[PDB]
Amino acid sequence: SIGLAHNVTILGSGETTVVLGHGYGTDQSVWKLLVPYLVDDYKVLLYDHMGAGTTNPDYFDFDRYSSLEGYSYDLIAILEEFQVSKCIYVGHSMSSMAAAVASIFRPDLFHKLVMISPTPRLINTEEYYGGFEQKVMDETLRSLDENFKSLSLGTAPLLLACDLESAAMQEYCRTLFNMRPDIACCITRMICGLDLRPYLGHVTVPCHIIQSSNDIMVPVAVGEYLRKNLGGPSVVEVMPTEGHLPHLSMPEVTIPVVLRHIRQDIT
C-alpha cells in the first residue's frame, strides 16, 4: 500500500488537513515538536518521502527519483489515497519545492504552501546568487561518492549551524545516516542539479516563505527572489535564526513562526 510504503501517520481532528513533509536527510520524526500544537485545530498527515532510511530500499526508483517530480507525483498519490483536499502543506527545503511542483499539476489539492528554507537553485549564474559557484559544486559532486560519510559529518555542523554536542545534530545524523549511501547521493545529486526558476511563475497557490537570516544553502536574497517571481500571493519571513533546518535546531523561534503562517492567511 502507498500508506505502508510512506509510513503515513494521521493525527488530530478538524475541517482542514495539515500535511507535513520532511526535508533531505530527516524523516517525519523531525516534526515531533510541532505536531502537538496542531492536533486540537487540524487533522495532521505526516509521511516519509521515498529514500528515507525508514522506507524500503527495494522501492527506490533511481531514475524516477533523479528528478524532483518523482516526489511531486508521490505526494499527489498520497493525498488522493487519503482523500485530502485543499490541504495546508508544510515542507522543508526540497520537500516544499516538490509540493510547489505538485501544486502546479493539481492546485485543487493545496490551500497554501508553508515553506521552510526553500531555494529554486543552488548554483550561481551571473545575475542570480544561489550560494554556490558551479566549480565548487561540480568538484564536490564528482567525488561525492568516495568521500560520502566524512563530507557529511564535516558539513552537517555548518549546514545545521549547530554544535556536534547538540540534540539537533545527534538527531539529524541519526536519520541522515539511516539512508543507504547510494540512495542519499542520488537524492543529493538531484537536489544540487535543480533549477526551478522557469517554473515559479506557474505556481499560483499562496506561498509562505520562512527563512533563516543566515543559511549557507539559502542566501537571504533568494527568499525575496521567490516572493517576486512566484505566480500567486506570497509572504516572506526572515527569522532571527541560523542554519538550514531551523525547525529542528531553533524550535523556540521557528515553531511560533510556523504556526502563525499555518493559522493566518495572506489572502
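For every residue, the number given is its place in the sequence shown, counted from 1. Just so we're on the same page, rigid core means the largest C-alpha set that superposes within 1.5 Å between forms.
- After superposition on the rigid core, the larger root-mean-square Cα deviation in 7 other deposited structures of this protein belongs to 128-136, not to the other of 106-114 and 128-136.
- Greater average departure of CA atoms from the shown form, over structures and residues in 7 other deposited structures of this protein after a core fit, characterises 140-148 among 92-100 and 140-148.
- Note on 81-89 vs 127-135: mean CA B-factor is higher in 127-135.
- A summary of the deposited B-factors shows that, of 256-264 and 1-9, the stretch with the larger mean C-alpha value is 1-9.
- Between the residues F60, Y37, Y47, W31, the entry's highest C-alpha temperature factor is the one at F60.
- Considering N229, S213, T54, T26 together, the PDB entry gives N229 the largest C-alpha B factor.
- In this PDB entry, the Cα temperature factor of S143 sits in the top third of its chain's modelled residues, the highest group.
- Placement of the Cα temperature factor of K149 within the chain: highest third of the modelled residues, per the deposited record.
- Split the chain's modelled residues into thirds by C-alpha temperature factor. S66 is in the highest one.
- When all modelled residues of the chain are sorted by CA temperature factor, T119 is found within the middle third.
- The entry lists a Cα temperature factor for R106 that places it in the middle third of the chain's modelled residues.
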